[PDB]
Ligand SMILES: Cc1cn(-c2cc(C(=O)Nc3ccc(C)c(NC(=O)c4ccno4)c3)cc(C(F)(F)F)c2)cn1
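A lone chain, given as structure tokens: the form deposited without the named molecule.
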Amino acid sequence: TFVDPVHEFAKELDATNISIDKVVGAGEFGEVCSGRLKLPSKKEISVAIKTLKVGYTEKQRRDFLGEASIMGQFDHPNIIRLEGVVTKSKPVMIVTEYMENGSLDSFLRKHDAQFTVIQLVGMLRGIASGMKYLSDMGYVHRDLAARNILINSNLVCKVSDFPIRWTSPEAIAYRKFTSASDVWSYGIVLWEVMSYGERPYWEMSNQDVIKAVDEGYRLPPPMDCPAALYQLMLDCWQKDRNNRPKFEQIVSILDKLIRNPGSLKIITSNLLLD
């Protein structure tokens, strides 16, 4: 079980063991970079590093470190791993798993139509597995989107980031956030992946995204989308949250498609009334 909130769930790292190789850019609370971490066993690994800005407010420190207090509760191959934090020296740091290929949406946009269906399904199965664990822990992510999935050198996808287009109708209507609203979001991610990082609902007015979805309109099948995967999207997007599949069922569905790849050969900016 997830416990809503740092030292309980995050290792305090010795800054001697951290080196910075490359500055990426500016994050919400400070800088973002990458480098290397020397583990207690002397093994050396690549890591992502983010710092808290100089002259931070106490609120900024709390919100920044709050990420670590959440992330550190999870230990799963499809959830970004927290290596630890540095708090006893400044700048304050959060050190996480290095993901060579960055955010999934931007990665797929650079590789439009260049992966096999089975490769895409493998990415999707990893995301679903991470979400099955989060939901098993009682954690509702609320921001599941391809931009919040990171992808490593071997194309393994992992949930990160601990949004009307990704949010279920009931969560928009009255803030009813549950694991079933994360399943809705997963359906949007499925569409994003099969579309190679197209933006869900493109740049439709937010009021129209809300109204169209409420009226029963859904994102259309991506080009060359397997029927099984478009149906899975529609199932994730059931109006009745109780009729959406559970994450365990989504993992099982994708596992069957991986085991029977011939099933994927059956092929299915305007919205379709569902």
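By rigid core we mean the largest C-alpha set that fits within 1.5 Å across both forms. Only residues modelled in both forms are compared. Heads up: residue numbers just count along the shown sequence, starting at 1.
Another form, the form deposited with the named molecule bound, is not on view; read the next lines as being about it.
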Seen with the named molecule overlaid from its pose in the bound PDB entry, and using a 2.4 Å cut-off to backbone or C-beta atoms, this pocket is blocked
Using a 4.5 Å heavy atom cut-off, are 191, 213 and 235 all in contact with the named molecule in the bound PDB entry?
no
Have a look at 120, 99, 85, 180 for me and say which one sits with a heavy atom within 4.5 Å of the named molecule in the bound PDB entry.
99
From 124, 171, 92, 71: within 4.5 Å of the named molecule in the bound PDB entry by heavy atoms is 71
Which is the contacting stretch out of 237 to 245, 224 to 232, 205 to 213, 41 to 49, given heavy atoms within 4.5 Å of the named molecule in the bound PDB entry?
41 to 49
Non-hydrogen atom contact residue 136 with the named molecule in the bound PDB entry at 4.5 angstroms
no
Residue 128 within 4.5 Å of the named molecule in the bound PDB entry, heavy atoms
no
My question is simply whether residue 150 lines the interface with the named molecule in the bound PDB entry - judged by any non-hydrogen atom within 4.5 Å.
yes
The named molecule contact at residue 157 in the bound PDB entry, heavy atom, 4.5 Å
no
Partner contacts in the bound PDB entry for 23 to 47 (non-hydrogen atom within 4.5 angstroms of the named molecule)
29, 32
Rigid core aligned, does the Cα position of residue 223 differ by 2 Å or more between this form and the one not shown?
no
Taking 2 Å as the cut-off, check whether the CA of residue 26 shifts that much or more between this form and the one not shown after a rigid core fit.
yes
Closer or farther apart in the bound PDB entry, the C-alpha atoms of residue 110 and residue 26, for a change of 3 Å or more?
closer
Cα-Cα trend for residue 25 and residue 91, given that in the bound PDB entry the distance shifts by 3 Å or more
farther
Hey, quick one: aligning on the core, which runs of at least three residues have all their CA atoms off by 2 angstroms or more between this form and the one not shown?
24 to 31
